[PDB]
Every structure is written in structure tokens, then in C-alpha cells.
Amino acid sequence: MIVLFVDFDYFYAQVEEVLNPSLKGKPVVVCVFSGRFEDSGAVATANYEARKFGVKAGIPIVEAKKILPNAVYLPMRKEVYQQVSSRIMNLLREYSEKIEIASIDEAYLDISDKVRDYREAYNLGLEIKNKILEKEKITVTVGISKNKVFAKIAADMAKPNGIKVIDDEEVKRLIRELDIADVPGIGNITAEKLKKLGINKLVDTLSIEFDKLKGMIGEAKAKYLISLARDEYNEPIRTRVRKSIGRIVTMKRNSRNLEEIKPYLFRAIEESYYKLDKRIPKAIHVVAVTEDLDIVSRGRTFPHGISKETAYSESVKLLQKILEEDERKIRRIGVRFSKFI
């Protein structure tokens, strides 16, 4: 099994670079401005010129501005990046019938039936980087290995504008050396739960009784790491089917006044319905992020498709429910729709 993983480099910012060439070379910081105060908000993606100085996704806009005060700060333009992404994904479709779009900038290709070895597999990923570059002027990084996970890990090592193959040999090496925290799907939370169990490398999962692990991080993540450690991971490339579509927003100020929150909720509904396009959801979920950044939610599943009007009146009921059951003020409010007809 030969998996070829494609990951677009600092995508949001790179697109801005393509639509405005005079930006390349200089630090570009694509941000999400909340409007709670000057430059309130967060960095969503920065290019390499910026990242080399510590300005990257997640940090506060105001912090970025302290480090790189003369960088070009741009507001997020999601729809624009989504259309560019659609065209590039279509380019990838032309190299394999088995494709798995994982996000707006990541796709796995099962080229097991397209190449004989990693040499051909390397040349194909070479052809792809040149195809995308030719038509969209977007650089991407290619990862190649025996399974999706290691294909991705490869791409993370080669970034940016890179390409790398991790053969059966290197896989065994990584299983022993690789900091398990660098394994896709393992965040800070799960990593710490591991150090405390004396597991810092994929291999270390083979030296501890299953239940001890399956009891610390859960059965799924257990069977996941173990399978990777034993070099038995082989999840197939599955054609992605969007299962949910939503929208969440930050309010100018925290609140718990149903009438002050409503405008933000309805806006989220309108945007969600525009993005549902033809898809009829049967389940709605209202999601609130409280003042202390905790996450709270209430949803409902109807035995029929949810019209916009039902969305409006039902979301209000779900928001009221949250307010009654939780006394904290809300900071972000949004809605997610799922279970499509």
C-alpha cells in the first residue's frame, strides 16, 4: 500500500500572496478580527517569512504586532481560499480514483494501483507539485509512505514546498525514535497522559499492559498507537462525505441576554444555510463558548429536515436551555447542522 499525502503550504497566507504578488517575500499574517477592541482576535495562518519570527496560528493579533509591527495583516477570506482549494483538489482527483480530502488543504491519495514502488511514487508526487504550481502557483508538500499516518508525518518533515518518502525501514526507525507527541492525532492532553504512563515513543506502547493504556487514553487511541507501533496500521483511503456544517462567532462583549445574543446566532444560521446548499439537515446543535473559554452545547434531532424557520425558533429554544442550565456569560455563539437527507 502506497499513500501519497498532499498538504498546501501556509495556505491561507499563500493564497493572499498569489492574489497579491507584492506580498511574497514579506511577513504575511492572516487574522480573525473579533472586534472586542483594537486588533482583538487571533492569527489564523502566517507565511514562513512571519513564522521564522514566532508569529504563527493561535497567538493574539496584538502579540504578533509586537514582534512583527510592520508585517502585512489581512482579514480572513475563507470563501476565497475555499474556491482555490476546490480547484486544486480537482487537480488531485486526476491522479487517483481513491482520494480522501481531509480538510481545506489536505488530501490522501491511494496510489497503490498507480505506481510499482516508492521511486515511481516519488515521481508522481513530483508531477503533482509541478501541476499544482503550474496552474495555481501554489506550493505544496508531499508525504509518501505505507499508510496515511506516516504519509502525513513525512509531509510534516518536508515542509515547506517539500517532498519525502518514509520507507519500511525508516518507519521502524521512527517507531523507535519519533516523539509520540508528533504522531497525528496526539495533542498536548493525550501526550501528557502518556509521559505519566512512561510512554514517549510509539514503541513504548508495546511494553505496557493494554488495559493500563486503554484506561488512560481510551480504547480507540490505544488500539490506534499500538497498531502504528506494531507497524500494522492500514486504514483505507475513504472518499469524504461532509457530515456537518456550522458557524460560530465571537461577540463584541460577553453576555447572557437572550436578545443580545440572538443577532449573532441568527447570523450564524444564515451563513450555515448558505453553506448547506441543497443539503437538508435533520439535526441542529447550538454551541456556546463561555467567558472562561469552556464549551457548552445543546442540540436536537428531528425526524425530518429542518427548514430555516424551524432552525430559527429551535435554535432560540436551545440557546434558552443553555442559559437556564448554565449561569456563566457567553463569549462565542454558533450553530452546527448535521444528519443530512
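In this text, the rigid core denotes the largest set of C-alpha atoms whose superposition between the two forms falls within 1.5 Å. The first residue of the sequence shown is number 1, and the count goes up from there.
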Between 325-333 and 19-27, larger RMS Cα displacement in 8 other deposited structures of this protein after core fit: 325-333
May I ask which stretch, 79-87 or 251-259, sits farther from the shown form in 8 other deposited structures of this protein once every structure is superposed on the core, judging by RMS CA distance? 251-259
Higher of the two mean Cα B-factors (228-236, 193-201; per PDB record) comes from 193-201
Comparing 171-179 with 106-114, where is the mean C-alpha B-factor higher? 171-179
Among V29, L293, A283, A311, which residue carries the highest C-alpha B-factor recorded in the PDB entry? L293
Would you mind finding, among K278, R51, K66, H304, the residue with the largest C-alpha temperature factor in the entry? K278
Ordered by C-alpha B-factor within the chain, which third holds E17? Give me lowest, middle or highest, please. middle
Within-chain third of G246 by Cα B-factor, per the entry: lowest
Using the B-factors in the PDB entry, rank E79's C-alpha atom against the chain and give the third, lowest, middle or highest. middle
In terms of the chain's CA B-factor thirds, is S85 lowest, middle or highest? lowest
Mind checking which third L258 falls in for C-alpha B-factor across the chain? lowest
